[PDB]
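As the structure lists them, so they are numbered: ligands from 1, and atoms in each ligand from 1. FYI, side chains are in, hydrogens and waters are out, and symmetry mates aren't considered; it's all heavy atoms of this structure. Order of the sequence lines fixes the chain letters, A, B, ..., with proteins taken first and strands second; residue numbering starts at 1 for each chain.
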Amino acid sequence: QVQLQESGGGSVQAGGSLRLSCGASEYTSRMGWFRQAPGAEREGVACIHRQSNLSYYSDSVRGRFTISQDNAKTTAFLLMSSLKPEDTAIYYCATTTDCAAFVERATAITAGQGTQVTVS
Amino acid sequence: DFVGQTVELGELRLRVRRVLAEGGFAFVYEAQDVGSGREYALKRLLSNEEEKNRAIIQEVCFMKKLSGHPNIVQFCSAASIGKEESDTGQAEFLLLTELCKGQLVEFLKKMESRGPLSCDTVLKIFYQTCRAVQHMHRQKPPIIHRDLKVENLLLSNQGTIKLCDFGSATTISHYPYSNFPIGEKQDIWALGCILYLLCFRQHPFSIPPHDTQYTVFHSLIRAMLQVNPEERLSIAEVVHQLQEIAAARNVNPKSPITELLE
Ligand SMILES: COc1cc(-c2cnc3c(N4CCOCC4)snc3c2)ccc1N
């Protein structure tokens with residue numbers, strides 16, 4: 001498997017921003033985050049296709065979250081802006097075969113340990 | 001000499017008006033319900049081998065399974081004529097569908113005197129095509145088309161794209177544990193060729209270096225023409241991107257391509 005190293009997140013005020021990063025031990029084609037809010041289903045939040053830079057978001061974070069990557073295609077970043085109580089959750093880095101199904105179903109090959117995000 | 005005759009597909013009885021396309025094993029004709037007045041497309045496939053019987057029945061089964069979708073030709077009914085009754089001496093299969101207005105390329109040919117296609121027009125054409133293919137890949141198990149090309153897209157009377165030509169399509173039978181790729185990604189490579197063709201009016205087998213018109217489509221073209229099938233996008237990856245492009249441009253990409261109606 002690939003090893004995923006996560007950082008960023010934490011606590012923030014409503015309307016504020018945080019940034020997560022995730023570094024993979026090898027190249028993979030697609031990387032993103034899913035989350036799990038209290039009592040809720042796993043929800044795919046953002047995903048990036050490395051070779052094209054095409055980026056995929058759930059409707060719940062569209063226009064507020066931005067996923068990007070480095071030139072070495074080892075790392076992805078998630079900027080989370082205009083945060084709100086609904087975004088409180090554990091956020092898990094993941095690799096996937098399909099960004100679109102990832103956003104729809106949180107379907108992943110491998111997942112990280114998770115970073116707590118708490119809004120307000 | 002099939003033109004002129006009357007044929008019966010159950011309740012329906014109808015008249016063969018003219019040829020629309022000839023070809024190898026098959027011919028396509030315009031046909032009219034002699035009682036109800038409504039018009040139809042009629043494909044007539046000839047078989048002198050059990051092998052061909054199997055391929056033809058399979059095509060009919062795919063047409064039936066995929067009917068109901070706004071970008072797939074509507075199945076109406078099918079029938080057979082035994083070797084004993086036919087004017088050919090071979091078995092004959094008859095497939096009845098809704099009648100589209102004609103072939104997409106003929107309408108594009110009319111308009112290419114009038115300059116490159118606008119991005120909105122490309123967007124509608126390509127999205128409606130991709131939605132037909134998405135309906136196929138979402139079947140359980142998925143149905144792979146294997147013959148996607150711009151020549152076998154039709155334009156409906158409503159001015160929408162209609163996908164047909166299921167004679168090369170395949171799937172897995174007796175499907176009860178998996179989602180391995182089984183061919184979906186060859187259809188995507190083919191769709192990338194279509195998007196390229198619609199923008200730059202040439203088959204890809206390089207995006208022009210300074211294109212400022214279709215730049216919005218460049219990343220998606222490259223991602224569909226990815227050599228590695230794992231890297232290559234899925235149909236859901238393509239459709240999702242097309243939806244966001246349409247929203248940004250304030251286009252309803254399922255809507256009639258009114259410009260093509262002239
Ligand atoms: C109305 O004039 C045309 C109609 C067609 C045409 C060809 N095939 C059709 C259809 N098919 C149904 C599937 O069986 C073969 C193709 S459905 N509507 C069609 C219309 C092609 C060219 C012209 N000029």
Side-chain angles (χ1 to χ4, degrees), chain B residues 2-5 7-10 12 14-21 23-24 26 28-33 36-47 52-81 88 91-112 125 128-129 131-133 135-136 139 143-170 187 190 194 256-258 260-261:
Chain B
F2 187 69
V3 71
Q5 302 196 1
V7 306
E8 298 141 342
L9 279 69
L12 303 172
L14 50 89
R15 194 177 297 284
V16 181
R17 212 202 188 178
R18 46 147 179 166
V19 178
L20 302 167
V28 188
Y29 312 78
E30 185 177 51
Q32 182 168 67
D33 187 339
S36 188
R38 309 180 314 260
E39 314 217 80
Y40 294 91
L42 178 70
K43 185 161 174 191
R44 176 164 92 149
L45 307 96
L46 298 195
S47 178
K52 281 163 194 98
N53 290 350
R54 189 178 63 246
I56 294 160
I57 295 172
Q58 180 64 89
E59 170 171 1
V60 174
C61 291
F62 284 148
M63 181 72 78
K64 193 193 319 286
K65 180 65 177 173
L66 297 164
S67 192
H69 193 279
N71 310 109
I72 289 165
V73 298
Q74 186 201 58
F75 176 82
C76 290
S77 40
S80 44
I81 285 146
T88 52
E92 280 176 27
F93 296 86
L94 295 174
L95 172 66
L96 199 73
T97 67
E98 66 167 333
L99 181 63
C100 303
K101 187 184 282 286
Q103 198 157 318
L104 175 60
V105 294
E106 225 48 36
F107 294 92
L108 291 178
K109 181 79 180 177
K110 274 162 49 168
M111 196 176 279
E112 79 162 21
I125 292 177
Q128 288 174 25
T129 303
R131 252 214 306 175
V133 174
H135 186 64
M136 305 181 65
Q139 299 303 319
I143 297 168
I144 312 313
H145 189 289
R146 304 204 300 177
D147 197 35
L148 292 172
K149 45 185 189 191
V150 76
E151 301 98 297
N152 315 346
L153 300 178
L154 303 170
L155 187 66
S156 74
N157 282 317
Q158 301 89 53
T160 60
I161 303 294
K162 293 288 188 148
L163 180 72
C164 68
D165 200 299
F166 305 106
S168 308
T170 197
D187 277 350
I194 291 166
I257 302 151
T258 51
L260 288 173
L261 295 174

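Paired with B:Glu30 under the rule salt bridge (charged side-chain N to carboxylate O under 4.0 Å, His left out), one option of B:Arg15, B:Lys101, B:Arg18 passes, and it is B:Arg18.
When all heavy atoms of B:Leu154 and B:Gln103 are compared, the pair lying nearest together is CD2-CA, 4.0 Å. Across all non-hydrogen atoms, the minimal contact from B:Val150 to B:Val105 is O-CG1, 3.6 Å. Here the shortest heavy-atom pairing between B:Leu148 and B:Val133 reads CD1-CG2, 3.7 Å.
Counting only residues at least two apart or on different chains, the salt bridge (charged side-chain N to carboxylate O under 4.0 Å, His left out) pairs with a member in residues 157-168 of chain B are B:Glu98-B:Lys162.
Atom 16 (C) of ligand 1 has its nearest heavy-atom neighbour, among B:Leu99, B:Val28, B:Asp165, B:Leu42, in B:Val28. Remark: among candidates B:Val73, B:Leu163, B:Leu20, the nearest residue to atom 6 (C) of ligand 1 is B:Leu20, based on non-hydrogen atoms. Heavy-atom proximity to atom 13 (C) of ligand 1, evaluated over B:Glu98, B:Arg44, B:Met63, is greatest for B:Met63.
The line from CE of B:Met63 to NZ of B:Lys43 is 7.0 Å long, rounded to the nearest 0.5 Å.
B:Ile257 is listed as a side-chain neighbour of B:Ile161, based on a closest heavy-atom distance under 4.5 Å.
Residue-ligand proximity: B:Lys162 is placed with every non-hydrogen atom at 4.0 Å or more from ligand 1. Assignment of B:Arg18 to the shell around ligand 1 is supported, since a heavy atom sits closer than 4.0 Å.
Residue B:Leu154 touches ligand 1 through its side chain alone, judged by heavy-atom distances below 4.0 Å.
Atom numbering of ligand 1 starts at 1 in the shown order; those under 4.0 Å from a heavy atom of B:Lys101 are 1 (C), 2 (O), 3 (C). Near B:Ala41, the atoms of ligand 1 lying under 4.0 angstrom from a non-hydrogen atom of the residue are 10 (C), 17 (S), 18 (N). Residue-ligand proximity, B:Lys43 to ligand 1, at heavy-atom distances under 4.0 Å covers atoms 14 (O), 15 (C).
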